[PDB]
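Participant: Got a structure here, written out as structure tokens. Questions coming.
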Amino acid sequence: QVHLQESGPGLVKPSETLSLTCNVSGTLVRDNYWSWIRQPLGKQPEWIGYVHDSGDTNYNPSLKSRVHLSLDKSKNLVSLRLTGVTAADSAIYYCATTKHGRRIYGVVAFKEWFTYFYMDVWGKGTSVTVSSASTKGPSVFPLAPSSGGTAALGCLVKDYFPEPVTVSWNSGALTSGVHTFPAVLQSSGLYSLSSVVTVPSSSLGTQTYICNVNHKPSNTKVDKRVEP
Amino acid sequence: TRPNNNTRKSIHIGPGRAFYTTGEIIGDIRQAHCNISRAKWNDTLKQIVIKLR
Amino acid sequence: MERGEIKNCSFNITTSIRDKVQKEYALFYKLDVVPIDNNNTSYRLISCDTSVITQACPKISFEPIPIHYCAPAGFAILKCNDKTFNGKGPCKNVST
Amino acid sequence: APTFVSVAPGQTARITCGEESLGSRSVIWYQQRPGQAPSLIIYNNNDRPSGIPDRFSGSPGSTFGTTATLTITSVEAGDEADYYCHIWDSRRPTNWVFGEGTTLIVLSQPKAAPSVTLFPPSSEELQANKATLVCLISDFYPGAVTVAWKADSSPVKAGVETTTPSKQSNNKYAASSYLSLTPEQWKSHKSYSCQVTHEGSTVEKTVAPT
Ligand SMILES: *[C@@H]1O[C@H](CO)[C@@H](O[C@@H]2O[C@H](CO)[C@@H](O[C@@H]3O[C@H](CO[C@H]4O[C@H](CO[C@H]5O[C@H](CO)[C@@H](O)[C@H](O)[C@@H]5O)[C@@H](O)[C@H](O[C@H]5O[C@H](CO)[C@@H](O)[C@H](O)[C@@H]5O[C@H]5O[C@H](CO)[C@@H](O)[C@H](O)[C@@H]5O)[C@@H]4O)[C@@H](O)[C@H](O[C@H]4O[C@H](CO)[C@@H](O)[C@H](O)[C@@H]4O[C@H]4O[C@H](CO)[C@@H](O)[C@H](O)[C@@H]4O[C@H]4O[C@H](CO)[C@@H](O)[C@H](O)[C@@H]4O)[C@@H]3O)[C@H](O)[C@H]2NC(C)=O)[C@H](O)[C@H]1NC(C)=O
Ligand SMILES: *[C@@H]1O[C@H](CO)[C@@H](O[C@@H]2O[C@H](CO)[C@@H](O[C@@H]3O[C@H](CO[C@H]4O[C@H](CO[C@H]5O[C@H](CO)[C@@H](O)[C@H](O)[C@@H]5O)[C@@H](O)[C@H](O[C@H]5O[C@H](CO)[C@@H](O)[C@H](O)[C@@H]5O)[C@@H]4O)[C@@H](O)[C@H](O[C@H]4O[C@H](CO)[C@@H](O)[C@H](O)[C@@H]4O[C@H]4O[C@H](CO)[C@@H](O)[C@H](O)[C@@H]4O[C@H]4O[C@H](CO)[C@@H](O)[C@H](O)[C@@H]4O)[C@@H]3O)[C@H](O)[C@H]2NC(C)=O)[C@H](O)[C@H]1NC(C)=O
Ligand SMILES: *[C@@H]1O[C@H](CO)[C@@H](O[C@@H]2O[C@H](CO)[C@@H](O[C@@H]3O[C@H](CO[C@H]4O[C@H](CO[C@H]5O[C@H](CO)[C@@H](O)[C@H](O)[C@@H]5O)[C@@H](O)[C@H](O)[C@@H]4O)[C@@H](O)[C@H](O[C@H]4O[C@H](CO)[C@@H](O)[C@H](O)[C@@H]4O[C@H]4O[C@H](CO)[C@@H](O)[C@H](O)[C@@H]4O)[C@@H]3O)[C@H](O)[C@H]2NC(C)=O)[C@H](O)[C@H]1NC(C)=O
Ligand SMILES: *[C@@H]1O[C@H](CO)[C@@H](O[C@@H]2O[C@H](CO)[C@@H](O[C@@H]3O[C@H](CO[C@H]4O[C@H](CO[C@H]5O[C@H](CO)[C@@H](O)[C@H](O)[C@@H]5O)[C@@H](O)[C@H](O[C@H]5O[C@H](CO)[C@@H](O)[C@H](O)[C@@H]5O[C@H]5O[C@H](CO)[C@@H](O)[C@H](O)[C@@H]5O)[C@@H]4O)[C@@H](O)[C@H](O)[C@@H]3O)[C@H](O)[C@H]2NC(C)=O)[C@H](O)[C@H]1NC(C)=O
Ligand SMILES: *[C@@H]1O[C@H](CO)[C@@H](O[C@@H]2O[C@H](CO)[C@@H](O[C@@H]3O[C@H](CO[C@H]4O[C@H](CO[C@H]5O[C@H](CO)[C@@H](O)[C@H](O)[C@@H]5O[C@H]5O[C@H](CO)[C@@H](O)[C@H](O)[C@@H]5O)[C@@H](O)[C@H](O[C@H]5O[C@H](CO)[C@@H](O)[C@H](O)[C@@H]5O)[C@@H]4O)[C@@H](O)[C@H](O)[C@@H]3O)[C@H](O)[C@H]2NC(C)=O)[C@H](O)[C@H]1NC(C)=O
Ligand SMILES: *[C@@H]1O[C@H](CO)[C@@H](O[C@@H]2O[C@H](CO)[C@@H](O[C@@H]3O[C@H](CO)[C@@H](O)[C@H](O[C@H]4O[C@H](CO)[C@@H](O)[C@H](O)[C@@H]4O)[C@@H]3O)[C@H](O)[C@H]2NC(C)=O)[C@H](O)[C@H]1NC(C)=O
Ligand SMILES: *[C@@H]1O[C@H](CO)[C@@H](O)[C@H](O)[C@H]1NC(C)=O
């Protein structure tokens with residue numbers, strides 16, 4: 001089995017350097033040609049640059065003056081560093097292996113071929129925000145499930161910056177009926193969302209239910225019991 | 001061969017005459033060349049040297 | 001071979017008629033053309049200033065049609081019907 | 001390109017992309033399910049990696065004066081996505097930003113009425129002199145809905161912050177809405193109501209203080 005995942009800070013002021021990382025698992029970091037990609041909400045994906053162990057490392061022409069990439073044999077990751085960030089730089093940044101191919105159209109003897117890249121399997125995505133404002137952790141309150149054999153239940157997360165927030169029900173044990181709804185950006189520049197599950201009326205035996213909340217930009221961890 | 005698929009373009013300097021040129025190149029841009037078997041060619045060079053000697 | 005062998009050039013010419021200086025764009029080969037002074041964006045045709053260039057009509061063809069030199073009357077053309085002839089010297093198998 | 005072709009199941013979709021060709025190109029394709037990393041689809045022009053069926057096929061990068069056309073044969077539900085191009089032309093230099101997100105949409109969906117679940121301000125929240133009502137609207141088609149709040153047969157003007165319907169992983173949509181109040185306003189009225197529109201059929205939940 002082969003896969004990977006990336007990490008980030010979430011928020012950054014206009015100045016300073018956006019530093020990222022990307023774990024690897026299943027295959028070696030040397031063997032592959034690596035490529036970082038960013039995509040704003042709605043807009044099209046934007047290739048940033050690629051890299052190989054040898055230091056063979058070229059970037060996107062536009063962002064070339066800012067971006068600085070690298071690897072590591074020990075930690076085995078893909079370390080991006082984007083300096084002098086801007087509001088425009090707010091996007092979700094993906095990590096991905098890259099496979100290369102020859103495309104000979106004329107005669108190989110005197111060039112007449114072009115070399116093209118394609119990225120076979122991506123990461124999950126890491127969110128980035130570039131705002132002046134500073135971070136707030138969420139205020140977490142549980143919902144009221146009750147008022148035959150059918151029922152529903154939830155948990156409210158609110159007033160924070162930035163996105164995203166993670167919510168897992170009862171330490172990830174419970175899964176069915178779980179429907180975490182998208183956030184809403186309150187007028188005072190703060191997001192807020194909720195999670196919701198459907199459990200039947202059979203729930204007298206103290207069914208331990210706890211919505212685990214994680215807002216990494218404020219390192220806050222909040223969990224709460226829902227009981228009628 | 002000249003591998004390029006060219007397009008004729010008549011620019012009329014006139015009165016009753018025009019100067020034709022390549023309007024564009026339909027496809028890839030490539031180099032002209034000439035292919036010959038190097039076996040045939042150098043085995044031919046063997047024919048030559050013995051009668052040169 | 002990427003020094004600029006095919007070149008895309010512009011120039012103003014008067015048409016069939018003297019009432020139109022049409023800025024036209026055309027393609028040239030690096031050999032067929034030659035630059036002037038500092039290498040600006042400016043060139044001139046390879047022998048335009050020093051020669052008279054004539055566009056061979058496309059209707060004609062340069063195909064090498066074989067040809068025989070037929071001799072006139074009271075004359076004769078002889079042949080060396082040998083296999084290996086030196087080029088200069090006496091022949092043996094000769095014919096008219 | 002703000003473009004989106006609409007097709008029926010068991011029918012063919014022509015989703016084109018990129019500017020017109022110049023030299024021999026090699027155009028890699030991608031698929032983007034809502035909120036998910038873009039899975040790779042095709043390389044160079046028609047071959048595909050593991051997992052992609054023979055329904056998928058593309059324009060052979062060997063003709064000049066032709067856009068990149070991706071054909072999805074006998075389309076189904078899951079095929080719905082945002083499709084992109086990575087165009088590599090012989091004469092035109094490297095494309096670092098992808099093509100247009102041509103949005104393929106199927107035509108034969110069952111219309112679905114939502115599932116509203118109204119919730120009162122929790123006993124815990126009111127301890128901090130703050131009140132918030134929630135109306136979670138789940139799994140409905142298509143994704144467009146007008147939410148309306150009413151405090152005992154009376155329209156609620158402010159404190160209401162409704163979201164935009166973001167697409168679910170399935171063909172359905174899901175959106176949410178919040179009504180901020182003060183505890184005093186909350187326990188004042190005998191009830192608050194969350195009316196929601198299919199759109200077509202209005203439906204409401206109602207919650208009251210205890
Ligand atoms: C003077 O001398 C010089 C020097 O000797 C000589 O120069 C040569 O010029 C020619 C052209 O003038 C030039 O030919 C090109 O060669 C390209 C490269 O071909 C070779 O590599 C490929 C790829 O290798 C990788 O993948 C292999 C697996 O396939 C793997 O084995 C390799 O190890 C490597 O990993 C390889 O596939 C080729 O093998 C095919 O071709 C051989 C002939 O060269 C043939 O003997 C083989 O059997 C094999 O044929 C199969 O495939 C063809 C289709 O390609 C089928 O028709 C057959 O029935 C077999 O199934 C070579 O080893 C090659 O990419 C070029 O062809 C593409 O590009 C042109 C324009 O660029 C297009 O017009 C073509 O139609 C073709 O496009 C297809 O392929 C590309 C990419 O593969 C796709 O993007 C296209 O969409 C299209 O694919 C679509 O159509 C096909 C059907 O056509 C379909 O199968 C696909 O699924 C898809 O639907 C072009 O052929 C050559 O490189 C150059 N140099 C040398 C050293 O030869 C001059 O010609 C001489 N001049 C004169 C006057 O004599
Ligand atoms: C040597 O150097 C010289 C010096 O430059 C070179 O000379 C040039 O030679 C070329 C041809 O050899 C001439 O052609 C021009 O082509 C363009 C093509 O436009 C394309 O690009 C537009 C903008 O692209 C944007 O996006 C791309 C990425 O996608 C990006 O890379 C780019 O930077 C830019 O950001 C596109 O909008 C356009 O697409 C449009 O049409 C699509 C459908 O085809 C549609 O899907 C799109 O959504 C979009 O709507 C296209 O891809 C032409 O723009 C140009 O002239 C057109 O525009 C001017 C106004 O600026 C107008 O007055 C002209 O009449 C002409 O408009 C008609 O013709 C177009 C096709 O030629 C057509 O696309 C138009 O819609 C319009 O159509 C009308 O007429 C047709 C009948 O023809 C009719 O059926 C329609 O109903 C309608 O009435 C030229 O065509 C250059 O002009 C020329 N330049 C100079 C300075 O001389 C020479 O090439 C060099 N030599 C070599 C060998 O390279
Ligand atoms: C003027 O031009 C000529 C032409 O280029 C130059 O001389 C040429 O030199 C070539 C070597 O550089 C030589 O090629 C060798 O040919 C030998 C025999 O050729 C025939 O057989 C092979 C194999 O076919 C076999 O199989 C079929 C069935 O499939 C049978 O039916 C056959 O009967 C055979 O049994 C064919 O490929 C040929 O086309 C001919 O049909 C081959 O033995 C030889 O292969 C390797 O072995 C040789 C030793 O036995 C060795 O000398 C040669 O270098 C080869 O070595 C291999 O291994 C090394 C190491 O791994 C590797 O680096 C090599 O690349 C190679 O893979 C060759 O195929 C030409 O035959 C020969 N031509 C002529 C006309 O003489 C000459 O130099 C040049 N002169 C000047 C001044 O420039
Ligand atoms: C046939 O084919 C031709 C080639 O393809 C086509 O040529 C085009 O012709 C048009 C006109 O029809 C040109 O447009 C004009 O450009 C004028 C530019 O003049 C500049 O150069 C003058 C002399 O050159 C000096 O400077 C250059 C700079 O590169 C040096 O290389 C030279 O060696 C030399 O030193 C110069 O006199 C002129 O004046 C400016 O500077 C002086 C000095 O400071 C000022 O006092 C003056 O006021 C000028 O400055 C101010 O005015 C200009 C006005 O335009 C402002 O820009 C400037 O910022 C400032 O405010 C200047 O340096 C320009 O003056 C004209 O107004 C026209 O715009 C095209 O440039 C030319 N090229 C192409 C490719 O088109 C031709 O069109 C074509 N015809 C047909 C039939 O189609
Ligand atoms: C328009 O375009 C034309 C043609 O392209 C230009 O024409 C030139 O016009 C200038 C006008 O001044 C003439 O310049 C003269 O140069 C004399 C010194 O030249 C010596 O150095 C040259 C440097 O080139 C080296 O570097 C480049 C990259 O930087 C390499 O590509 C190149 O190959 C050279 O690399 C070798 O040398 C370096 C050390 O310099 C090593 O480190 C490398 O490892 C390489 O070994 C060099 O090119 C010259 O070579 C010439 O002379 C030798 C004999 O010595 C000959 O054997 C060569 O074949 C070649 O002809 C030379 O060593 C200078 O003294 C003099 O005053 C004058 O300035 C130039 O000669 C013109 N060239 C031609 C071909 O006509 C024109 O400039 C241009 N105009 C514009 C506006 O763009
Ligand atoms: C001096 O030079 C002359 C001129 O080159 C030369 O005479 C030539 O002799 C050859 C034969 O040695 C002749 O070739 C014949 O041409 C006739 C038609 O002209 C053909 O019919 C012949 O074909 C025969 O062979 C075929 C092979 O299968 C058969 O299919 C066919 O049925 C025939 O049997 C043959 O090709 C040639 O025509 C003459 N040339 C002239 C001008 O007469 C002469 O031999 C040389 N002498 C010396 C001493 O060098
Ligand atoms: C990457 O995985 C290693 C475990 O192999 C872990 O120690 C490290 O913290 C991970 N990196 C991130 C950014 O989570």
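We label chains A, B, ... in the order they appear in the structure tokens, count residues from 1 in each chain, and number ligands from 1 in the order shown.
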For segment 160-172 of chain D, list every protein, DNA or RNA residue within 6 Å, evaluated using only C-alpha atoms, and leave out those in the same chain fewer than 5 positions away; present the list as a compact mmCIF listing (two decimals) with C-alpha atoms, in the first residue's frame.
Facilitator:
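Resulting contents of result-v6.txt:
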```txt
# COMPACT_ATOMS: atom_id res chain seq x y z
CA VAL A 184 -20.80 29.83 7.94
CA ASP D 139 -29.74 15.83 1.07
CA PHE D 140 -31.96 17.60 -1.45
CA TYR D 141 -32.00 18.06 -5.23
CA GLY D 143 -29.11 22.56 -4.68
CA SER D 177 -28.67 28.12 8.71
CA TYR D 178 -28.32 29.87 12.06
CA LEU D 179 -30.51 32.32 13.95
```
Participant: Residues at most 9 Å from ligand 7, using only C-alpha atoms and all ligand atoms? Could they come as an MDAnalysis selection string?
Facilitator: chainID A and resid 5:8 20:25 75:77
Participant: Can you spit out the residues from that selection as a compact mmCIF listing (two decimals), in the first residue's frame, using C-alpha atoms?
Facilitator:
```txt
# COMPACT_ATOMS: atom_id res chain seq x y z
CA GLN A 5 -0.40 13.32 3.65
CA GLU A 6 0.65 16.96 4.06
CA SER A 7 0.52 19.52 6.87
CA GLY A 8 0.49 23.29 7.34
CA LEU A 20 4.82 23.20 4.55
CA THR A 21 5.60 19.48 4.72
CA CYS A 22 4.38 16.21 3.21
CA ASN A 23 4.73 12.75 4.76
CA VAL A 24 5.43 9.76 2.51
CA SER A 25 4.50 6.09 2.98
CA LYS A 75 12.41 12.73 7.50
CA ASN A 76 11.39 11.72 3.95
CA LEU A 77 9.10 14.59 3.03
```
Participant: May I have the residues within 9 Å of ligand 2, computed using only C-alpha atoms and all ligand atoms, as an MDAnalysis selection string?
Facilitator: (chainID B and resid 22:25) or (chainID C and resid 7:10 24:27) or (chainID D and resid 1 18:20 92 99)
Participant: Please, could you write that set of residues out with N, CA, C and O atoms as a CSV table (one decimal), in the first residue's frame?
Facilitator:
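Final output, saved to result-v7.csv:
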```csv
chain,number,residue,atom,x,y,z
B,22,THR,N,5.2,31.2,-47.7
B,22,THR,CA,4.5,30.3,-46.7
B,22,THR,C,3.7,31.1,-45.7
B,22,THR,O,4.3,31.9,-44.9
B,23,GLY,N,2.4,31.0,-45.8
B,23,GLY,CA,1.5,31.7,-44.9
B,23,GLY,C,1.7,31.2,-43.5
B,23,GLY,O,1.7,31.9,-42.5
B,24,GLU,N,1.7,29.8,-43.3
B,24,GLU,CA,1.9,29.2,-42.0
B,24,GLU,C,2.4,27.8,-42.1
B,24,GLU,O,2.6,27.3,-43.3
B,25,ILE,N,2.6,27.1,-41.0
B,25,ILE,CA,3.1,25.7,-41.0
B,25,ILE,C,2.1,24.9,-40.2
B,25,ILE,O,1.9,24.9,-39.0
C,7,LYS,N,12.4,32.4,-39.8
C,7,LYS,CA,12.2,33.7,-39.3
C,7,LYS,C,10.9,34.4,-39.8
C,7,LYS,O,10.6,34.4,-41.0
C,8,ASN,N,10.2,35.1,-38.9
C,8,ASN,CA,8.9,35.7,-39.2
C,8,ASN,C,9.1,37.2,-39.3
C,8,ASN,O,9.4,37.9,-38.3
C,9,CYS,N,9.0,37.8,-40.5
C,9,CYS,CA,9.4,39.2,-40.7
C,9,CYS,C,8.2,40.0,-41.2
C,9,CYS,O,7.3,39.5,-41.9
C,10,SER,N,8.3,41.3,-41.0
C,10,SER,CA,7.3,42.3,-41.5
C,10,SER,C,8.0,43.4,-42.2
C,10,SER,O,9.2,43.7,-42.1
C,24,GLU,N,2.8,44.0,-44.5
C,24,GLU,CA,2.6,42.5,-44.6
C,24,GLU,C,3.6,41.7,-43.9
C,24,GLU,O,4.8,42.2,-43.6
C,25,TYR,N,3.2,40.5,-43.4
C,25,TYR,CA,4.1,39.7,-42.6
C,25,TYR,C,4.4,38.4,-43.4
C,25,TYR,O,3.5,37.7,-43.9
C,26,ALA,N,5.7,38.0,-43.5
C,26,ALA,CA,6.0,36.7,-44.2
C,26,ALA,C,7.2,36.0,-43.5
C,26,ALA,O,7.9,36.5,-42.7
C,27,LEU,N,7.4,34.7,-44.0
C,27,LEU,CA,8.4,33.9,-43.4
C,27,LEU,C,9.7,33.8,-44.2
C,27,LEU,O,9.6,33.7,-45.5
D,1,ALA,N,-13.3,28.5,-18.4
D,1,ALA,CA,-14.5,28.7,-19.1
D,1,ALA,C,-15.7,28.2,-18.3
D,1,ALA,O,-15.8,27.1,-17.9
D,18,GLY,N,-9.3,23.6,-23.4
D,18,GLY,CA,-8.1,24.1,-23.9
D,18,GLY,C,-8.2,24.9,-25.2
D,18,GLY,O,-9.3,24.8,-25.8
D,19,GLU,N,-7.2,25.7,-25.5
D,19,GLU,CA,-7.3,26.4,-26.8
D,19,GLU,C,-7.0,25.4,-27.9
D,19,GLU,O,-6.6,24.2,-27.7
D,20,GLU,N,-7.1,25.8,-29.2
D,20,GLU,CA,-6.9,24.9,-30.3
D,20,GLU,C,-5.4,24.6,-30.5
D,20,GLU,O,-4.5,25.3,-30.2
D,92,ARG,N,3.5,25.6,-28.4
D,92,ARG,CA,3.1,26.5,-27.3
D,92,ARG,C,3.8,26.0,-26.0
D,92,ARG,O,3.7,24.8,-25.7
D,99,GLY,N,-6.5,23.6,-17.3
D,99,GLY,CA,-7.6,24.1,-18.3
D,99,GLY,C,-8.8,24.6,-17.6
D,99,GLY,O,-8.8,25.0,-16.4
```
Participant: Would you mind listing the residues within 12 Å of ligand 5, counting only C-alpha atoms and all ligand atoms, as a PyMOL selection string?
Facilitator: chain C and resi 3-4+30+34-43
Participant: Could I get the residue neighbourhood of ligand 4 at 7 Å, counting only C-alpha atoms and all ligand atoms, as a VMD selection string?
Facilitator: chain C and resid 10 to 12 21 to 23
Participant: Hey, which residues sit close to ligand 3? Say within 10 Å, counting only C-alpha atoms and all ligand atoms, and write them as a ChimeraX atom specification.
Facilitator: /B:37-46
Participant: Would you save the residues from that selection as a PDB file, in the first residue's frame, using N, CA and C atoms?
Facilitator:
```
ATOM      1  N   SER B  37      21.399   4.305 -46.001  1.00  0.00           N
ATOM      2  CA  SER B  37      21.980   3.198 -45.255  1.00  0.00           C
ATOM      3  C   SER B  37      23.489   3.363 -45.129  1.00  0.00           C
ATOM      4  N   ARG B  38      23.988   3.422 -43.899  1.00  0.00           N
ATOM      5  CA  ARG B  38      25.421   3.596 -43.685  1.00  0.00           C
ATOM      6  C   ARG B  38      26.194   2.324 -44.036  1.00  0.00           C
ATOM      7  N   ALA B  39      25.498   1.190 -44.028  1.00  0.00           N
ATOM      8  CA  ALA B  39      26.075  -0.067 -44.490  1.00  0.00           C
ATOM      9  C   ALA B  39      26.299   0.007 -45.994  1.00  0.00           C
ATOM     10  N   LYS B  40      25.236   0.329 -46.726  1.00  0.00           N
ATOM     11  CA  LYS B  40      25.312   0.498 -48.173  1.00  0.00           C
ATOM     12  C   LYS B  40      26.347   1.542 -48.565  1.00  0.00           C
ATOM     13  N   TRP B  41      26.366   2.651 -47.830  1.00  0.00           N
ATOM     14  CA  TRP B  41      27.262   3.757 -48.130  1.00  0.00           C
ATOM     15  C   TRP B  41      28.729   3.391 -47.892  1.00  0.00           C
ATOM     16  N   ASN B  42      29.026   2.727 -46.778  1.00  0.00           N
ATOM     17  CA  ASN B  42      30.423   2.461 -46.448  1.00  0.00           C
ATOM     18  C   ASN B  42      30.928   1.181 -47.115  1.00  0.00           C
ATOM     19  N   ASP B  43      30.009   0.281 -47.449  1.00  0.00           N
ATOM     20  CA  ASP B  43      30.375  -0.861 -48.271  1.00  0.00           C
ATOM     21  C   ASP B  43      30.601  -0.384 -49.694  1.00  0.00           C
ATOM     22  N   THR B  44      30.017   0.768 -50.019  1.00  0.00           N
ATOM     23  CA  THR B  44      30.252   1.423 -51.299  1.00  0.00           C
ATOM     24  C   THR B  44      31.611   2.100 -51.244  1.00  0.00           C
ATOM     25  N   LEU B  45      31.941   2.649 -50.077  1.00  0.00           N
ATOM     26  CA  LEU B  45      33.240   3.271 -49.862  1.00  0.00           C
ATOM     27  C   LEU B  45      34.345   2.232 -49.936  1.00  0.00           C
ATOM     28  N   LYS B  46      33.973   0.968 -49.774  1.00  0.00           N
ATOM     29  CA  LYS B  46      34.930  -0.117 -49.916  1.00  0.00           C
ATOM     30  C   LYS B  46      35.216  -0.317 -51.403  1.00  0.00           C
TER      31      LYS B  46
END
```
Participant: Neighbours of residue 30 of chain B within 7 Å (only C-alpha atoms; same-chain residues fewer than 4 positions away dropped), as a list in words?
Facilitator: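 The residues that qualify are residues 106 and 112 of chain A; 3 and 4 of chain B.
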Participant: Go ahead and save the residues from that selection, with N, CA, C and O atoms, as an mmCIF file, in the first residue's frame.
Facilitator:
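Writing done, so here's result_14.cif:
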```cif
data_model
loop_
_atom_site.group_PDB
_atom_site.id
_atom_site.type_symbol
_atom_site.label_atom_id
_atom_site.label_comp_id
_atom_site.auth_asym_id
_atom_site.auth_seq_id
_atom_site.Cartn_x
_atom_site.Cartn_y
_atom_site.Cartn_z
ATOM 1 N N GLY A 106 9.352 14.334 -33.913
ATOM 2 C CA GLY A 106 10.159 14.418 -35.114
ATOM 3 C C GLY A 106 11.289 13.414 -35.121
ATOM 4 O O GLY A 106 11.065 12.215 -35.263
ATOM 5 N N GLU A 112 13.685 17.681 -31.241
ATOM 6 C CA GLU A 112 12.430 17.268 -31.861
ATOM 7 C C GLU A 112 11.658 16.269 -30.998
ATOM 8 O O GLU A 112 11.134 15.272 -31.494
ATOM 9 N N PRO B 3 9.969 17.976 -43.865
ATOM 10 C CA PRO B 3 8.828 17.455 -43.106
ATOM 11 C C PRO B 3 7.681 18.442 -42.892
ATOM 12 O O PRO B 3 6.590 18.002 -42.545
ATOM 13 N N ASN B 4 7.905 19.734 -43.097
ATOM 14 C CA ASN B 4 6.875 20.724 -42.783
ATOM 15 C C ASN B 4 5.758 20.838 -43.828
ATOM 16 O O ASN B 4 6.019 20.960 -45.022
#
```
